[PDB]
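Encoded as structure tokens, the structure appears first; notes follow it.
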Ligand SMILES: C[C@H](NC(=O)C1CCCC1)C(=O)O
């Protein structure tokens, strides 16, 4: 189903794409959201995915938090993918801008191993403040399932590919 990806490893693929447009096109089994512990989808990938669901993701998420409380940094939950995917795997990477431990990025990527194939952003990149080059490295060294990474920024995509070891 996924097209135009560059193969980085046996199981990691990358594309310069808007993950919302990619999800609407592919309708993958799992789209990963760059979530926070409260599932407050305000900005970045979460804000964009939520806006694409006409706020249905946020309504569902508020019910999930009311029942279960917040997620842990490094944790995840599976909720509906709405009009974007069969499921959305909300994964909380550490937010460096809130002083969270970058070592939790590996724990965050381990959630991907519970799903055979996923469309995902780089965890903790963007407004979460971590180095995206380091996020890709942790992704490659942690995820064993098939992960299709969508990198929004062209300049960052080129830098990630050209510096990939
Ligand atoms: C989230 C990621 N962007 C970044 O980490 C940089 C922050 C500004 C643009 C590059 C991306 O494009 O997928």
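Residue numbers (PDB author numbering): 5 to 169.
Cβ coordinates follow ideal geometry from the N, Cα and C atoms, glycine included.
- 8 Å Cβ cutoff met for residue 164 and residue 23: If you number the chain shown from 1, residue 164 lands on position 160. If you number the chain shown from 1, residue 23 lands on position 19. No; because the gap between Cβ atoms is not below 8 Å, this pair is not in contact.
- Through-space distance from residue 66 to residue 158, alpha-carbon basis: Counted from its first residue, the chain shown places residue 158 at position 154. Counted from its first residue, the chain shown places residue 66 at position 62. Cα to Cα, the separation comes out at about 33 Å.
- beta-carbon residue 157 near ligand 1 non-hydrogen atom, thresh 7 Å: Here the question's residue 157 lines up with position 153 in the chain shown. Under cutoff, so the answer is yes.
- Query: Is the beta carbon of residue 160 less than 8 Å from the beta carbon of residue 136?
  - Reply: By one-based count along the chain shown, residue 160 stands at place 156. By one-based count along the chain shown, residue 136 stands at place 132. Annotated as proximal: residue 160 and residue 136, with beta-carbon spacing under 8 Å.
- Message: Can you look up residue 151 in the DSSP assignment and give me helix, strand or coil?
- Response: In the chain shown, counting from the first residue as 1, residue 151 sits at position 147. Strand at residue 151.
- Task: Flag this pair as yes or no: are the beta carbons of residue 78 and residue 96 separated by less than 8 Å?
- Result: To locate residue 78, count along the chain shown from 1; it is residue 74. To locate residue 96, count along the chain shown from 1; it is residue 92. Less than 8 Å separates the beta-carbon of residue 78 from that of residue 96.
- Message: List, from N- to C-terminal side, the alpha helix (DSSP H) runs of 4 residues or more that fit wholly inside the stretch 81-154.
- Response: 108-114, 136-146, all fully within the stretch 81-154.
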